[PDB]
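# Structural overview
Here's the letter readout for the chains.
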Amino acid sequence: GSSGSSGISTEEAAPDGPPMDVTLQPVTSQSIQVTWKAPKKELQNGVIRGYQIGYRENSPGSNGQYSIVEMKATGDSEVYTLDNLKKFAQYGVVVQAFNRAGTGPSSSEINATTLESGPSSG
């Protein structure tokens, strides 16, 4: 209990739609960048407390269960660098907006095969 909520809304509601601009982007070798935008405006169903980024290997032998990661909505646009990944391997993650009112549906499962090498300045 630190910050309340005031914005013509005495009660929020779970999102009835996934986030937009949902896409992956390999920045390193064992990590990927997930960027997305606010889920619609009318669907937003009130401000958002945060979203869930579930990612899991795209191969057999992986834990399986989509590793969920709780975060906060910095603003309209949000991003999350999913680290602890494999090397040059396909990975599928989803993004969903979750508020105090509840959680919403996920976004079209995307993918992004991590780079085939480590990072390099330039």
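Residues numbered from 1 in each chain as written, not as in the entry; some residues may be left out. Heavy atoms only, no water.

As deposited, the entry is annotated with solution NMR as its determination method.

Before going further, it helps to spend a moment on the sheet that holds strand β4 (residues 77-83). Spatially, the 3 strands line up as an open sheet ordered β1-β2-β4, and their pairing is antiparallel. Both edges of this open sheet fall to β1 (20-26) and β4, since each of them pairs with a single strand only. The average undirected angle you get between the axes of adjacent strands in this sheet is 15 degrees. The pairing of β1 with strand β2 (residues 31-37) spans 5 bridges and is classified as antiparallel. Counted as the bridge partner of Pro26 is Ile32 from β2. (Pairing = 2+ DSSP bridges. Helix = DSSP H or I, 4+ residues; strand = E, 2+ residues; numbered from the N terminus. Axes fitted to C-alpha atoms, helices over the stretch in contact; angles between N-to-C directions.)

Approximately 190 Å³ is the volume attributed to the largest pocket. Grouping the constituent residues of the lining of the largest pocket by class yields 2 nonpolar, 7 polar and 2 charged. (1 Å grid on protein atoms, 1.4 Å probe; cavity = no way out; pocket = protein on both sides within 12 Å on 5 of 7 lines; lining within 4 Å. Points joined across faces, edges and corners; volume = space filled by probe spheres on them. Nonpolar A, V, L, I, M, F, W, Y, C, P; charged D, E, K, R; others polar.)

Let us now look at the packing of aromatic side chains. Overall, the coordinates contain 1 aromatic pair when judged by the stated rule. Ring centres of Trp36 and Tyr51 lie 5.8 Å apart, and the angle between their planes is 40 degrees; this geometry places the pair in the tilted category. Here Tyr51 lies in strand β3 (residues 50-57) and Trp36 lies in strand β2, a separation of 15 residues in the sequence. Per residue, the accessibility class of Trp36 equals that of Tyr51, and both read buried. (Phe/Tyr/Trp six-rings, centres within 6.5 Å; stacked < 30°, edge-to-face > 60°. Buried < 20%, exposed > 50% of the residue type's maximum accessible area, 1.4 Å probe, protein only.)

The next thing to look at is the environment of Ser9. When you line up the elements, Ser9 lands in the segment before β1. Judged by relative accessible area, which is 32%, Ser9 ranks as partly exposed. On a C-alpha basis, the gap between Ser9 and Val47 in space is 9.0 Å, while along the polypeptide they are 38 residues apart.

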